[PDB]
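The chain below stands alone and is given as structure tokens, in the form deposited in one PDB entry.
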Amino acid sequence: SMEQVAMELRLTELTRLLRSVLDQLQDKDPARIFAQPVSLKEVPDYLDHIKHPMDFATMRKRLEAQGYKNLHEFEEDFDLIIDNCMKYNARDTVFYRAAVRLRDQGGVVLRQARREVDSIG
């Protein structure tokens, strides 16, 4: 149907906008701390601590399959990156501190993304 096509075009357009958002957020992680999944070979107890691991590579795979239906879903995954790190790592670590800086800098990007998503529909 034409209605299904139109809904598909909207998903494609959201996907484009979320790719630009993802790029902007990942620039706020210049150390690449959050670029890839925590390795279970290197942190073998990780899944005893963290129930829903997340990272930028994993988000990028989901995005390229058009797997985010709305900005809320995308933000959920971004917040898991931050929130997982702030539980597993202590305050005095480079990991925790990187998460805080990514959260603070990313809030700005997400604030305007929400306006764009709402505005364009």
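We number the residues from 1 along the sequence you see.
For the pair 35 to 43 and 75 to 83, the mean Cα B-factor is higher in 35 to 43. The deposited model assigns a higher average Cα B-factor to 66 to 74 than to the other stretch when 86 to 94 and 66 to 74 are compared.
Per the PDB record, residue ranking by Cα B-factor puts residue 21 in the middle third of the chain. In the deposited entry, the Cα temperature factor of residue 27 sits in the top third of values across the chain's modelled residues. Sort the modelled residues of the chain by CA B factor and residue 99 lands in the lowest third.
The following text describes the form deposited with a small molecule bound, which does not appear among the structures shown.
Annotation: in the entry with it bound, residues 21, 68 and 79 none come within 4.5 Å of the small molecule through any heavy atom. Using a 4.5 Å cutoff between non-hydrogen atoms, residue 34 counts as a contact of the small molecule in the entry with it bound. In the entry with it bound, the small molecule sits within 4.5 Å of a heavy atom of residue 38.
In the entry with it bound, the small molecule stays beyond 4.5 Å of every heavy atom belonging to residue 56. Among residues of the shown chain, residue 43 is one whose heavy atoms approach the small molecule to within 4.5 Å in the entry with it bound.
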